[PDB]
Amino acid sequence: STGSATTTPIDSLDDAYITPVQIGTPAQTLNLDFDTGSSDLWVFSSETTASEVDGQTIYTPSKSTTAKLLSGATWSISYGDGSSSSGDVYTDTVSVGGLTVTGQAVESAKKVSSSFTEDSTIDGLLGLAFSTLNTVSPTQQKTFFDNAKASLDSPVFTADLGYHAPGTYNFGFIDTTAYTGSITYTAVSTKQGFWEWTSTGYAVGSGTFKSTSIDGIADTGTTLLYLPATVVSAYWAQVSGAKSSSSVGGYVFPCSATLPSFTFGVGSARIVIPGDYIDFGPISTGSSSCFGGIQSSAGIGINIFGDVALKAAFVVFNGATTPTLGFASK
């Protein structure tokens, strides 16, 4: 089997991407944030504290003939941005782009933090990291991908995120029309539960490539590119007037700037992030200070190849017995 679903930016900055997902019988379609940096499939629901729901579409398990309470199971998750959610668990039929999993754990939110409430466009998350990170207790649950894997034509999924445009998540096949050149594969460590890999270096603009190992995670659920302070300083030093602002919470730059590209290494291959992808616009409405899309990972504890990086590539998440990651230009 295979699946193919379009993923759409939630706003004009590509802050996140939503993908329609069918849950239950008859289908209830919710728009979920596919997150390769976490491993819970959770939704706004009929159980979510009413004051914490503001425009989201909810899953109502009592209206699904295939929903079953997973008795005694609870979940609770905290994300890197400080947001959180928790609740109980149902199993139900879940379909993505025509690919169906029966008995998928669907984590129903009883509580969500303010950042989730305030984002009316995101009805929940669909985790695509390794199932060892799943938070369900006392019986840990599998991700949608883990459950689907045995049925797939090939044990893979691909992320093809757009810059200010829709893109695609495919399951079970590699669309050879969706990228240019060849795919370069690189080793993955699953020790922390992430799609963790080592970039071979970077360049700023038309500058020389610096060969240096940068361990980080491929994380579709993080907006920006978070890299070591040395790398980030070297980038922003090429932008007149750019500075790190503790008051704003990162590097800012004059909105009048033209940003240089940023290149990262995948083995001997190179992925180029155009400068425009690094512009996250005014820090506040009408400001002439703009927020940068490359930020320091110092104090996160991990480097993160978020959407800024991933949307410059066609990315293969290879879930074979020995997982690997592939990157191609597009």
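Determination of this PDB entry was carried out by X-ray crystallography to a resolution of 1.0290 Å, according to the record.

> What is the right way to read the sheet that holds strand β12 (residues 196-204) from this model?
Sheet strands pair by backbone hydrogen bonding; their relative direction is either parallel or antiparallel. The 7 strands lie next to each other as β18-β17-β12-β13-β22-β14-β21, forming an open sheet whose pairing is mixed. Two strands close off the open sheet at either side, each with one partner strand: β18 (269-273) and β21 (294-296). Averaged over neighbouring strand pairs, the angle between their axes works out to 45° when direction is ignored. Of the pairings in the sheet, the one linking strand β14 (residues 225-227) to strand β22 (residues 303-305) comprises 2 bridges and is antiparallel in character. The residue bridging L225 from the neighbouring strand is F305, located in β22. Sitting on the sheet, helix α3 (residues 229-236) is in contact with β12, β13 (210-218), β14, β17 (262-266) and β21, with an inclination near 140° to β21.

> Teacher, can you tell me more about α3 here?
Since the α-helix turns once every 3.6 residues, residues separated by three or four places project in the same direction. Regarding α3, the residues found buried are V231, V232, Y235 and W236. Take α3 and look down its axis: the buried residues cluster within an arc of 125°, on one side only.

> Which parts of the structure should I look at to understand the packing of aromatic side chains?
To describe a pair of aromatic rings, you give the distance between the ring centres and the angle between the ring planes. Under the counting rule described, the total for this entry stands at 25 aromatic pairs. Pairing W42 with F116 gives two aromatic rings, centres 4.9 Å apart and planes at 90°, and the pair type is edge-to-face. In this pair, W42 sits in strand β4 (residues 41-43) while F116 sits in helix α1 (residues 114-117), placing the two residues 74 residues apart along the sequence. One exposure class covers both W42 and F116, and it is buried.

Cut-offs used in this document
- Residues numbered from 1 in each chain as written, not as in the entry; some residues may be left out.
- Heavy atoms only, no water.
- Residues with missing side-chain atoms left out of burial classes, pairs and counts.
- Pairing = 2+ DSSP bridges.
- Helix = DSSP H or I, 4+ residues; strand = E, 2+ residues; numbered from the N terminus.
- Axes fitted to C-alpha atoms, helices over the stretch in contact; angles between N-to-C directions.
- Contact = heavy atoms within 4.5 Å.
- Buried < 20%, exposed > 50% of the residue type's maximum accessible area, 1.4 Å probe, protein only.
- Arc of directions from axis to C-beta.
- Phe/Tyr/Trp six-rings, centres within 6.5 Å; stacked < 30°, edge-to-face > 60°.

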